[PDB]
Every structure is written in C-alpha cells, then in structure tokens.
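In: one piece of my complex first, more on the way:
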Amino acid sequence: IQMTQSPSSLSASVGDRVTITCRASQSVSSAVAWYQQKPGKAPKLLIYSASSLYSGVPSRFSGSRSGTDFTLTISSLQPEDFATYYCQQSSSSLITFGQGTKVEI
Amino acid sequence: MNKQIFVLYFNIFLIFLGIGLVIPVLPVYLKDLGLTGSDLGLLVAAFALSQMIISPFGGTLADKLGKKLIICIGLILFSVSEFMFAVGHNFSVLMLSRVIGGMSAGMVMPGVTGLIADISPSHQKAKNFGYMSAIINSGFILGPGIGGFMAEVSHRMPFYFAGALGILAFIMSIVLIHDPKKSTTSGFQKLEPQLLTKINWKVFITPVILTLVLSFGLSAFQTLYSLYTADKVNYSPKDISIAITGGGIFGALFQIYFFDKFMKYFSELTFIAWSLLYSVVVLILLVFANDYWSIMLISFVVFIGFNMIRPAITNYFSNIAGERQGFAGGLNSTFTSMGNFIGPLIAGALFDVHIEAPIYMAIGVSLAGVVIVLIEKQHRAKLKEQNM
C-alpha cells in the first residue's frame, strides 16, 4: 500500500502552527499512527489511532482524519520539538511508513 | 486443527444443542402437567431470554476476570441446570432450570468467542464468524432429534445425557484449554465508543430485519410443528425427531452445494425474496395437509427455505459493513437470540386461540420480509442508476 507524506521538508519558527499531511492510495480505515524520532534515538510513539492522544504527549500535538487525508497539527513549535515525524499504516498485515519530515528551526 | 479449537467448538455445540431438547418431549408435558400453549411459549423462550439478558454481563466478567474460569463456571452451571430440569417434576422447577441454562449459555458464549478471537490469527475474522453460525445452526437442528431419540426410553433420559455431556466438556476444558496469567501493565483509555459514533444505521436496517424475520420463523416453526402434529396427526416424539432431523440434514446438504451456484445467477436480495416466497407458499400448503407423509415431507421442504436464507444474510452482513467483522457478528448473534425468544412465545400463545393461527402469523411475517426486500429494491436501484 503506497503512502505519501507531505511536505518532504518544512521550515518553521518557534510557536508557529505546523501541518503535515499523509495520504494512502488505498483505504486503511483509521489505523494510521504518528511517530516522532529524535536524532540518533529510538522512535517514540506520538499518536496511536487516528485523532487519538497517547499518554504523556502534550495536547498541542493533534491528529485529524478526512477521507484519505490524515493530518498532524502542532499549535506551537518548542525548540525541543525538532525531530523527524512519520505516519504509519497498520490496517493490514503489511506495514508502511511515511517518507518523513525533518523540521527546520 | 488443534484440540483447543475442537474443545472450543464443542462448548458451543453442546450449549446450542441444549435449546432444542425440550421440543420433542412436548407430546407428554402438554397432557401430563395440564399445560396450555402459553406455558410452553414461556418455557422454551426462557432459555433465549436468559441468554440475551446475561450475555453482556457474562462477557464483561470474562474480559475482566479471565476467560478459562468463566467458561468452566458456565459449564458447571449448565450441567447443574440440566440435572435440575431432569430431576424436577413441577412447572416452577423446570422454569428455573431453563433460566439457569440460559444464564450458563449467555455466560459461556462470549467467553468462547473471545478465546477463539485470541487463538485465531488476525486475518481470519470472517471465517471464524462463519464457523460460529455453522456450529450454532448444527446444534439448533440436532437438538430436537437427539432429544426425541433419548425421550423414547424415558422422560428424563435426554437431560441426564445433556448433563453428562456438560460434565465431560467441563473436564476437557479443565484439562486442555489454557489462557495466559499475566496482564498488560498499562492499556489504553479509548474504551471503544468510536465505532458506535461512526455508524450509518440506515444501511444496517435491512439485514437486521431480515435476520430477525428468519430467526423468528425458524424458531417458531419447531414449536408450532410439534404441537400441531401432536394434536392433528398425534405423532410420537420419534416422528417429530425424524421430521426435524431429516429436514435439517436435507437443508444443510443442499446449502453446502447449491448456494454458490444460485448466487452466480441471483443477487442476495432477490434470492432472499424468492426464498421467503417459497417458504410462504409451502406454509400455505401446510394448512391443508391431512395425512401422515404429506405433513412429514412438509418439514423436509421447509428447512431448505431457511437454510438458503441464513448464509445469504451472513454474507450480506459480511459485505455491507466492511472491515467490521466483530460488529456484524455481534449484531447477528444478538438478533438471532432475540428471534429465538420472540418465536416460540408467540407460536405458543397463538396456539390456544386456534390450531392454525401461528401458521397465519408465520405467513404474515414472511410476507412482511419479502415486501421489505421489495421496498429496498427501489433504494438499491436508486443507488445503482445514480452513479453509472
């Protein structure tokens, strides 16, 4: 199942809204998760199910679902948020990950 | 096919065999205790009512407090209920035993479904539901046959046999099945209300009414047939068992052969309408039967009419929902239980008013189902012609 994440790269300042889009060529229901990976560290889960909220993540990281589109939103960009995000599909046995979005400060 | 799965299916087969044991014995209890139709209507529907009431709480207990223990407790209660039905000799005792048996059924079935969902892989969420319906229907058919074949020796042999089978199933469950002892340190707070908030209820109305009509007709037919033939043609319980078992076997063997071939020529909705029309035509003929072999073969030609409907509704549920196999299975099971309640109660209540009144009720219900299918024909035509 092909999965495309946009933009490939994005530059934003402190406190600016950041929006990331992820789209699948086939229906995947709402099993899309969002991960954050630090430089040289194991990826840590951010949002488990579509529009859900994991334990320990600040509420400023939000998810939304609209048909094929899966959107991740960040209201404020703290400098600690500089990392690489990923959208993951797990609707079926096969699992696919997004290209990634390294955010510039 | 490991022993775990075989035991899990046996636990369902015995329990759904326990529903049909009462029916072939009614050629006795109607005259021994001086009971009327309403008494049987309550007595048979008690099992289904208790199972429907206790299924939610039984599933909750199985989830929170383990699955093997709940199944074992349910088997123990089923054996106790069967034995207390056998030993007792009053309407109250039999009523209470039916209630307890329904409780055991409604507390075991969720446990077995959960254990199968645990054992079975993730991609088999559809085939397991097919096995559920297959085993449930096989038990529902082979109930009365075994019950009558054991009732020939004595009034209490079938229930002793059921209790012994329950004890054996409990022994097998203790010795064979196993579930993990550990639990997740920290789960999720979702509590799963999202599915209920993302459902189009209008698209689910037709399959619900179709399966409710099928269940009502199939459950009421046995109760009506037993009393009608014990009065008009005064069958022995052996004859009732022969009729029910032969009809079920013929329906099963024709369903496992002709259903797919019919589907390649007919859509599910139109085929369901035609099957309901065939069933109501045969039930109209049922009234005019005045001899032995005609009313004997009436059941043989009736059971195929509903064995051509049940898989069609199952496939309709599988297709119209999508990836939600669990929700479709839950709705199908709940409405099957509601039909197994609403059938015998009415088929017994209307028997006192007249001998043929429940036949008219079944005919009217089949007509309502077929006209509902015909109404949905316009909706499906509007959907079809508005996109191509």
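Out: Sure, I can see it. Residues are numbered from 1 along each chain as shown, chains lettered A, B, ... in the order given.
In: Okay, residue B:195 and residue A:68: tell me how far apart.
Out: 20 Å (Cβ to Cβ, to the nearest Å). Where you see a C-beta, it was placed from the backbone N, CA and C, and this is true even at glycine.
In: how about the residues of the stretch 251-388 of chain B near chain A?
Out: When proximity is defined as Cβ under 8 Å from any Cβ of the partner chain, the stretch 251-388 of chain B approaches chain A at residue B:323.
In: Residue A:28 versus the residue in chain B that chain A sits nearest to, what's the distance?
Out: In chain B, the residue that lies nearest chain A is residue B:323 (5.7 Å; Cβ to the nearest Cβ). Going from residue B:323 to residue A:28 by Cβ to Cβ gives 10 Å.
In: which of those two has more neighbours?
Out: Set side by side, residue B:323 and residue A:28 show more neighbours around residue A:28, with 20 against 15, by other Cβ atoms under 10 Å in any protein chain shown.
In: quick one: furthest residue from the center of chain A?
Out: Residue farthest from the centre of chain A, counting by Cα atoms, centre = their mean, is residue A:93 at 20.5 Å.
In: mind checking the SS state of that one?
Out: Following DSSP: H, G, I helix; E, B strand; the rest coil, residue A:93 is assigned to coil.
In: Quick check: it touching residue B:122?
Out: Yes. Applying Cβ atoms under 8 Å as the test, residue A:93 and residue B:122 come out as touching, 7.3 Å apart.
In: helix or strand for residue B:62, which one?
Out: Residue B:62 is part of helix B:37-64 when elements are defined by DSSP states H and E.
In: actually residue B:8, not the one I wrote
Out: Per DSSP H and E: residue B:8 is located in helix B:3-17.
In: include chain C too:
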Amino acid sequence: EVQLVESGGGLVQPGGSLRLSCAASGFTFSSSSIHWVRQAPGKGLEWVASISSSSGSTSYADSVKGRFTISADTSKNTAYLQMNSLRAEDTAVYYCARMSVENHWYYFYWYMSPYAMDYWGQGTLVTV
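Out: Alright, chain C goes in next:
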C-alpha cells in the same frame, strides 16, 4: 516501565548469516506482538518483520519476503530474527518494538486494541 534489550549486529560478509535477539523485560509476551524494523543511514523507516506469540502468525515485508526468518521463544520471552543472505543495501540500524494484541469486550461484541508500537528497544547496527 518496561524495556526490550536488543543484541546482535556487526561486520558481516555479504551473503552470510546472522542472528539478532530481542529479550523482553517486565511486560506480557503472550498478549503482545514483536516487530522488527530498520533504518538506513540517513533515511526513513520501514517495517521488516512481525510475529505474534499467542496466535503464532508470522509476516514479512514485501521488500524482503521469505529470505529472513523470525521466531519467538515463550519459555524465556525472547524473539529471534535470522538473516540467511546479506547485501550492501541491508546495512542499517534495526529496532525491536511491541504492539499489544488483545481483545476487549464491549457489551455484545469483542473488539481489538489498535496497532501502535509502544516501546522501542535500543537498535543495533549491521554493516555489509
């Protein structure tokens, strides 16, 4: 809190074989599935393998299907992944993760918990 310890990796001649291990600690193994993923140097992630202990089902990615193998020993709660053929593309940092696989009973039906990798063990590195 729990954490999976990962061992293995090193210099490998192309076309060789290797065994990577992921040992569990403090969490349920029967009610969870172990998944191995990879990260190329300076590139994105892609899920490699998957095993479920309770169901026994195993699956592999279409990019690498049937070449490597996976296994899970429940006696001491460990997961093993075996490489039988290697190439220059396979060099990467491998991570071991867990997703819970257990049903919960809503009234009149069971439902499955969603797919989400909770804990990630520190990844090892494989070269050549």
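In: thinking again about what came up before, do the helix holding residue B:62 and chain C meet at all?
Out: Yes. Applying Cβ under 8 Å from any Cβ, one finds helix B:37-64 touching chain C at B:55, B:56, B:59, B:60, B:62, B:63.
In: From those, list just the buried residues.
Out: Those of these that meet the buried threshold are B:55, B:56, B:59, B:62, B:63, by 16 or more other Cβ atoms under 10 Å in any protein chain shown.
In: Nearest residue to the middle of chain A?
Out: residue A:34 (4.0 Å).
In: Please name the spatially closest residue to that one (chain neighbours excluded).
Out: residue A:47 (4.2 Å; Cβ to Cβ, 6 or more residues apart in numbering or on different chains).
In: Also residue B:27?
Out: Counting by Cβ to Cβ, 6+ apart, the nearest residue to residue B:27 once its immediate chain neighbours are dropped is residue B:230, at 4.5 Å.
In: Could you verify my assumption that that neighbour touches residue B:26?
Out: Yes. Contact criterion Cβ under 8 Å: residue B:230 and residue B:26 qualify, at 6.6 Å.
In: any idea how far residue A:33 lies from residue B:13?
Out: Counting by Cβ to Cβ - residue A:33 and residue B:13 are separated by 40 Å.
In: and these two? which has more neighbours close in?
Out: For residue A:33 versus residue B:13, neighbours defined as other Cβ under 10 Å are more numerous around residue A:33 (26 against 19).
In: quick check, that one in a strand?
Out: Yes. Under three-state DSSP, residue A:33 falls within a strand.
In: mind listing what it touches?
Out: By Cβ atoms under 8 Å, 6 or more residues apart in numbering or on different chains, the contact list for residue A:33 reads A:45, A:46, A:47, A:48, A:49, A:87, A:88, A:90, C:114, C:115, C:116, C:117.
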